[PDB]
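>>> first chunk of the complex, coordinates as they sit in the assembly:
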Amino acid sequence: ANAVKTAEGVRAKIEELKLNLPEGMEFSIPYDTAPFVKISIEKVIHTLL
């Protein structure tokens, strides 16, 4: 499974679930890896250009 799509789905689901989150609690996504792959691919695109 591609990592970026799974991370994007998880993030969307958390954002949807926070709309009705009880007061005094907040969601935190401290560790993830999809951003690094997206940065890496963008940099390689820039190098190609």
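It's in. Numbers count the residues shown, from 1 in each chain, chains lettered A, B, ... in the order given.
>>> ok, now how distant is residue A:14 from residue A:49?
34 Å (C-beta to C-beta, to the nearest Å). Using the backbone N, CA and C atoms, a C-beta is placed for each residue, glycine as well.
>>> out of these two, which sits in the more crowded spot?
Ranked by neighbour count (other C-beta atoms under 10 Å), residue A:14 and residue A:49 place residue A:14 first, with 13 against 5.
>>> can you tell me the SS state at the more buried one?
The three-state assignment at residue A:14 reads helix, by DSSP: H, G, I helix; E, B strand; the rest coil.
>>> I'd guessed it sits against residue A:28; true?
No: applying C-beta atoms under 8 Å as the test, residue A:14 and residue A:28 come out as separate, 9.7 Å apart.
>>> also, this goes in as chain B:
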Amino acid sequence: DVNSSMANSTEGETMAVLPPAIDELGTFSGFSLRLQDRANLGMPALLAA
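Alright, chain B goes in next:
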């Protein structure tokens, strides 16, 4: 005729409908929606909704 004749003859809610053209198809049903408790609101509040 079936729908009109038994409008008030019996207490039961009686209604005759033309079967769907395709088994799994509303045929004329535009929209189906589930109004669900997303925040543990409760059954009475859901029914009021």
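>>> and the gap between the residue nearest the centre of chain B and residue B:41?
Centroid-nearest residue in chain B: residue B:32, 9.9 Å away (criterion: C-alpha atoms, centre = their mean). Per C-beta to C-beta, residue B:32 is found 21 Å from residue B:41.
>>> ok, and for stretch A:38-48, which residues are buried?
Using 16 or more other C-beta atoms under 10 Å in any protein chain shown as the burial criterion, none of the residues of stretch A:38-48 qualify.
>>> give me the contact list for that stretch.
residue A:4 (C-beta atoms under 8 Å, 6 or more residues apart in numbering or on different chains).
>>> any idea which element residue B:14 lies in?
Following DSSP states H and E, there is no helix or strand that holds residue B:14.
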